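Here is what each chain is made of, one letter per residue.
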Amino acid sequence: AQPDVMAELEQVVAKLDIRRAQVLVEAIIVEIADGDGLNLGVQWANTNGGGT
Amino acid sequence: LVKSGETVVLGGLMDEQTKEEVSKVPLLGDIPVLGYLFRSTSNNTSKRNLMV
């Protein structure tokens, strides 16, 4: 380009070529799970009387 | 973007898993010491620390 644009492109480039900063990203996924089933049940069977 | 001499972290995953299971008898399984006689416990744990 014209020397006028060369000097303008030269500032654009200098700004645009800046050392891009780096990022360390730690994620922390914590899950906790449990639970209590209970099955208690009583059956009575009688020949004479009846069964449950 | 890393310096010409330097050894660095790209990324990494530190993963930790712990599954705990018991098949116990409701009341008896909860006796703090004797209770381990009623319970059939299955525990599991793992660790992976990966660094690039």
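Residues numbered from 1 in each chain as written, not as in the entry; some residues may be left out. Chains lettered and ligands numbered in written order. Part of a larger assembly, values for the part shown. Heavy atoms only, no water.

J.: Describe the overall build of chain B, naming the residues involved and giving the relevant values.
T.: The number of helices and strands found in chain B is zero helices and two strands. Computed over its C-alpha atoms, the radius of gyration of chain B comes to 22 Å, more than 25% above the 10 Å expected for a compact globule of 52 residues. Buried residues in chain B amount to 4% of all 52 residues. Across chain B, contacts joining residues at least 24 apart in sequence account for 53% of those joining residues at least 6 apart. Total accessible area on chain B is roughly 4,900 Å²; 54% of this is exposed by carbon and sulfur atoms. Here chain B contributes 6 positive and 6 negative side-chain charges, whose respective centroids are spaced 2 Å apart. (Helix = DSSP H or I, 4+ residues; strand = E, 2+ residues; numbered from the N terminus. Rg over C-alpha atoms; globule rule 2.2 N^0.38 Å. Buried < 20%, exposed > 50% of the residue type's maximum accessible area, 1.4 Å probe, protein only. Contact = heavy atoms within 4.5 Å. Areas by Shrake-Rupley, 256 points an atom, 1.4 Å probe, with all protein chains shown as cover. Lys, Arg positive; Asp, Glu negative; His and termini not counted. Charge placed at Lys NZ, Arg CZ, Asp CG, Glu CD.)

J.: Tell me about the pairing of strand β1 (residues 12-23) of chain B, and please be specific about residues and values.
T.: Residue and element names in this part refer to chain B. A small share of β1 lies buried, amounting to zero of its twelve residues. Pairing of β1 with strand β2 (residues 40-51) involves twelve bridges; the strand directions are antiparallel. In the strand pairing of β2, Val-22 is matched with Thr-41. (Pairing = 2+ DSSP bridges.)

J.: Can you lay out the pattern of salt bridges for me, pointing to particular residues and giving the numbers?
T.: All names here are of chain B. Per the stated rule, a full pass over the model turns up one salt bridge over all chains. Residue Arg-48 pairs with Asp-15 through a salt bridge whose shortest N-O separation is 3.0 Å. Here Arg-48 is found in strand β2, whereas its partner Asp-15 is found in strand β1, with 33 residues between them in sequence. Residue classification places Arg-48 among the partly exposed positions, given a relative accessible area of 43%. (Salt bridge = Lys/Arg side-chain N within 4 Å of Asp/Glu carboxyl O.)

J.: Report on the environment of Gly11(B), specifying residues and quantitative values.
T.: All names here are of chain B. Following the sequence through the fold, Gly-11 ends up in the segment before β1. With 32 residues separating them along the chain, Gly-11 and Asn-43 place their C-alpha atoms 31 Å apart. When neighbours within four sequence positions are excluded, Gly-11 is seen to be in contact with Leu-50, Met-51 and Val-52.

Read these as spatial facts, not as claims about activity.
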